[PDB]
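Form deposited in one PDB entry, single chain, as structure tokens, below.
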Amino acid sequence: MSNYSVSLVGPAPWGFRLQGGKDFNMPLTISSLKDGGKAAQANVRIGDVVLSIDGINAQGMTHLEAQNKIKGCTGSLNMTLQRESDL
């Protein structure tokens, strides 16, 4: 599959929402994007799957764990994602 990395320059908001996680038995997925927000401008796309957040495998995190990891990011948000938006 096709992966990509983003390094969003703070401060937050980062301009996205997530769905999924361990507790939903589905991957962590970008579910929403603010138009002109930092994630959108970084070419993050709805449907893409979050693989890691600041180096850490996110693929087993609960939804709240992933959100907390993302909110703990000061300065820059680094994530690696898997493209799942090419239909």
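Just count from 1 along the sequence shown to find any residue number.
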{"item": "Between the two ranges 72 to 80 and 17 to 25, the one averaging a larger CA B factor in the entry", "value": "72 to 80"}
{"item": "Relative C-alpha B-factor of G55, binned into the chain's lowest, middle or highest third", "value": "middle"}
{"item": "Third of the chain's Cα B-factor distribution that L87 belongs to, per the entry", "value": "lowest"}
{"item": "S31 CA temperature factor, ranked by third within the chain", "value": "lowest"}
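The protein also exists as the form deposited with a partner chain bound; that form is not presented, and the subsequent description refers to it.
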query	finding
Partner proximity in the deposited bound form: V9 to its partner chain, non-hydrogen atom cutoff 4.5 Å	no
4.5 angstroms heavy atom contact with its partner chain in the deposited bound form for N78	no
Contact test in the deposited bound form: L18 vs its partner chain, heavy atoms, 4.5 Å	yes
4.5 angstroms heavy atom contact with its partner chain in the deposited bound form for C73	no
